[PDB]
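What follows is one chain in structure tokens, specifically the form solved without the ligand.
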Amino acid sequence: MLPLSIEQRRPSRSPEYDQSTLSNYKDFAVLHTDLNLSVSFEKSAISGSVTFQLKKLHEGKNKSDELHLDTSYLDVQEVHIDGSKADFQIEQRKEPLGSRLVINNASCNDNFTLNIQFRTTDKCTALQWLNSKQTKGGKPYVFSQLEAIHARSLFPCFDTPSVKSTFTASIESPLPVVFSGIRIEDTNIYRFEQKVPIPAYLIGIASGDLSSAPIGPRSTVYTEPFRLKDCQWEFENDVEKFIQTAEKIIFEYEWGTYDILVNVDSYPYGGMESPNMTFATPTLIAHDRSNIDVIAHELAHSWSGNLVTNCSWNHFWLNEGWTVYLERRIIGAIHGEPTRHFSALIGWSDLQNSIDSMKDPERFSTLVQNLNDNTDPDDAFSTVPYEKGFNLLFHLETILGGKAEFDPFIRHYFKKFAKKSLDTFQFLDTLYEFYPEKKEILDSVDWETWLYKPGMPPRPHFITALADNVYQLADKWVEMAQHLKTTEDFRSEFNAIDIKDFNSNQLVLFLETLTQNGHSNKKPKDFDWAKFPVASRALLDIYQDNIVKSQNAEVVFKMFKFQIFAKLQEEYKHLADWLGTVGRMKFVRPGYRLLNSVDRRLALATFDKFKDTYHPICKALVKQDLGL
């Protein structure tokens, strides 16, 4: 039913073949995968064996009969098929895809059991280790990070999102373990089962000093003991409301439980949607619940990504792009529509910045990607699949008649492809097949531009209300700073209630907008907050309750950015002290850049003080940012 513009692009088979794997995944059905692992903090490496039950698949005549797995920097100790040594070879590593594991399968049967014993290497890319000086708890920690193609560096496997397998796991570890599955009931061997098929990239493992507490009827939180009581409180009141909000929009939650792991303070990343165990950063804990809207993202993934998966990294938008959409649908259901549109607006800025900042936008800003076997999927990561993808789905919601008319397709799509993987073409077909009465409407969508052209997509029209309220107030501050003289003059034009209704994103955007000297392009030429310390100190005093006393990390960061920009020298020490309490790249790295710009000495001293309490990658970058 599709337009020619994209029928010409259509592959011979769908799901489109995944160039980013060296494995011959098309030739097997993975009936089940068993992981038998042992963690060694001593050696900072993971050991054991993986056991696949495979069925050979057949098609056509006179075909090859092979067995190829992916590995990256992995020590493959031995290989058994149906309880017998099978000859094997690790091919010469090539970049960026790794080392093909070729196995000579001497068996007769189309069904067999494949067992591979391995150790991770000191060059393993899948695992992140931290020492006791890098956790507040005092004890060590390890967590996995598999997306996009690092699972092959954790265990030999068919490392493509086109392949999904139920899992079982037995993990042995000195400290407690959590896994991307549901724990079964040695005092320190930990067993799990994932009864819903998953792709390797969604496998999650973590181990360290971990406690657990209920945050709802089907939700438990895991974190360091000291933090447990604060994490319990943060999520208690909203996690279930969130899950039900999502089921009501899409359909029933499938995985049984939704659990959250609040990683150690040195955890440098943002979050990860591992099935049954969502990885989260401690910077959600705001002590006022101002940062939980975020939990919507990884929750949505339960459907977009985990349940219905992109078949390859050319089609990642099907994953993240849908997630942003559903994410925003959930926060819309809870906070209203203007709030959904606010997120959208912001996403649009982020998108424009992303594309303006790329090396090679011509290639990496197209929605559907084209990696072949020689591009590192990580190089194609941008805001594009998130926002350009979201915007297509929003454009579709709009031109098909809104949520009442779109929702039915949402449920059809996720039900159709449940526990399966697809490309962009199967997504369009499904679209067309479901709206035979709207063929007129779909045909008028510029598919070439949306899926395949670089740069910004057709600009949408969002409810700009929440933004305008921020811009108005920041402009008025900038304008007033120029002519008012006294702290009591500022208490006469402003008051704590100016911002009483500002959500987190609004405060963050308010501080960001101030540092940009307002929103009107009719900005003052020579304006510099540093030149108006009466003004700036009054802004912080008057808005002390929601800004200065906020323990939300996103607002704390911006408050600091405004303080350094207003050159309030007495605050530099507080920014410096704070950088020793957070581990996220997002804050730590820019944190030192700010600091360095106003007090290089305090910066260098601060780094020296804290450098060894950070995730190694955060230490290395910051160290070199500071010309060390």
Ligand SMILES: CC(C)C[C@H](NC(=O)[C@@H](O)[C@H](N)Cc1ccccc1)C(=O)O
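Numbers for residues come from their place in the sequence shown, where the first is 1.
Omitted from view is the form deposited with the ligand bound, to which the following refers.
Heavy atoms within 4.5 Å of the ligand in the deposited bound form are found in one stretch of 162-170, 400-408, 297-305, 330-338, which is 297-305.
Residues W322, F394 and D446 are none of them found to lie within 4.5 Å of the ligand in the deposited bound form, as judged by heavy atom distances.
Among the residues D423, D498, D259, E147, the one placing a heavy atom within 4.5 Å of the ligand in the deposited bound form is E147. Interface residue among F381, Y253, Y73, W233, judged by heavy atoms within 4.5 Å of the ligand in the deposited bound form: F381. Put simply, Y269 is close to the ligand in the deposited bound form: some heavy atom of it is within 4.5 Å. Contact check for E554: no non-hydrogen atom falls within 4.5 Å of the ligand in the deposited bound form.
Proximity of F316 to the ligand in the deposited bound form falls within the 4.5 Å heavy atom cutoff. Using a 4.5 angstroms threshold between heavy atoms, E224 stays clear of the ligand in the deposited bound form. Residues of 384-398 that come within 4.5 Å of the ligand in the deposited bound form, judged by any heavy atom, reduce to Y386 alone.
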